[PDB]
């Protein structure tokens, strides 16, 4: 059975996780894990309560690891237990993936040094201090690393993983079974397509978070420099 694991942490953006989870859980001969320090309840940033299924110590060797984003990324960037677990699993995983600000956690773990990567548009400036080559594209691959942008990036790249782990016909069948054919009613999903007034509102609302994450990123970079 292909072993797929998601890191589930307090103040996760749950859709970053729950999207790819439902797609990948649709595949034959896949076991999906929700990993935290111990099994039990974990609260997402919206208040949705999820349930971790395994501890770090009990998690099997993973074929795919996926790091979601969210508010809670700041704490995770300075959690030595979580970062050590991610490094251990990344060493042997066939695919190391992240959604949105989850790539900042891969960065703090040292896994973006010299690698092309993306992250959420409002936090993109934090990639270079973590050793990455920043790329402004929705899905960036560098060897076995996939980083994606957008709360639903993992749905799209889960179909790519399905095609490579199995075959294109399997990926197409899952897409059809889920009738997955998005059609957003607005075109404001990028700072390059949204109205300038909307980009200003969004930047202003992110400013306090970006300020705090600049501080965290510099401490995380100092640990990589040691």
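Numbering follows the first chain given and starts at 1.
Taking the mean C-alpha B-factor of each stretch as recorded, 74-82 and 98-106 are not equal, and the higher mean is that of 74-82. 123-131 and 137-145 differ in mean CA B-factor, and the higher of the two is recorded for 137-145. Out of 12, 207, 23, 216, the entry records its largest CA B-factor for 207. By the numbers in the PDB entry, the CA B factor is greatest at 168 among 34, 42, 67, 168. Per-chain ranking of the deposited C-alpha B factor places residue 201 in the highest third.
Sort the modelled residues of the chain by CA B factor and residue 1 lands in the highest third. Among the modelled residues of its chain, residue 225 has a C-alpha B-factor that falls in the highest third, as given in the PDB entry.
Among all modelled residues in its chain, residue 30 ranks in the highest third by Cα B-factor. In this PDB entry, residue 158 carries a Cα temperature factor that places it within the middle third of its chain's modelled residues.
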